[PDB]
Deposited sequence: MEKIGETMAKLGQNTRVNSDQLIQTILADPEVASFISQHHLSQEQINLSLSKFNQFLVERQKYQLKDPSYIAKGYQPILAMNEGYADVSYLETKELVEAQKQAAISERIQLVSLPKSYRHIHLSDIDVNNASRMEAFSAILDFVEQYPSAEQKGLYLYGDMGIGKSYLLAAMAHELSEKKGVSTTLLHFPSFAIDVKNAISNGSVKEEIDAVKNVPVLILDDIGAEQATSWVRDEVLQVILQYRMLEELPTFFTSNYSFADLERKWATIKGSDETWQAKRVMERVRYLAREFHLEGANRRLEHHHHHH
């Protein structure tokens, strides 16, 4: 069955191919926190597109499936709606873009309908800051995953710019996720 069309609308940047094949059914909803996060992911898909529709900032322990949950949202957005999503592993994007001595690097990322910035934290205030700034003005839904909460993420960054953190809080609502996912 040539239903690999919804899968191709999901652009990946420094992430294994499996992140393009994650369905809502693969997500465990066996916690109060996962019930809440899953609930918000379904509202987003159902209400897309909305006025100033905000993304989600998912944080919690490493390896529990925070990125998977968001990948499942991207898969459902491509299947129900026809929207493209980009899942990007920030730590790798930062380093690969840092080598700006050469392309389509950040332009293919800042204007996508829905952008997922995987495990932010752990680059500068010149690339992320501008991408976020542009998505704020353009009203483009932006999500994030991290090992740190808002307060902890900021308290880890450096003086610093500090306004990059205000853009994160403006673009996404914080959700603490607990419990690993099966697989």
{"item": "Unmodelled ranges, which are counted on the deposited sequence from position 1 and given in order", "value": "1-99, 202-205, 226-231, 268-275, 301-308"}
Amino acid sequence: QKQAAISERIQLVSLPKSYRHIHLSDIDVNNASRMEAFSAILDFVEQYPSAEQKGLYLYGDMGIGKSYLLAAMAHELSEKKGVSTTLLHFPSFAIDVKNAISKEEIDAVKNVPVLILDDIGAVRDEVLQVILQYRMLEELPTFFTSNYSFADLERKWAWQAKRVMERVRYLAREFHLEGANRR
From here on, numbers count along this sequence of modelled residues.
property: Mean C-alpha temperature factor, higher of 159-167 and 13-21; result: 159-167
property: Segment of higher mean CA temperature factor, 143-151 or 48-56; result: 48-56
property: Residue with maximal Cα B-factor (values as given in the PDB entry) among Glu138, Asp28, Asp43, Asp125; result: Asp125
property: Largest Cα B-factor, entry values, listed residues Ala71, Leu88, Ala100, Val112; result: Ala100
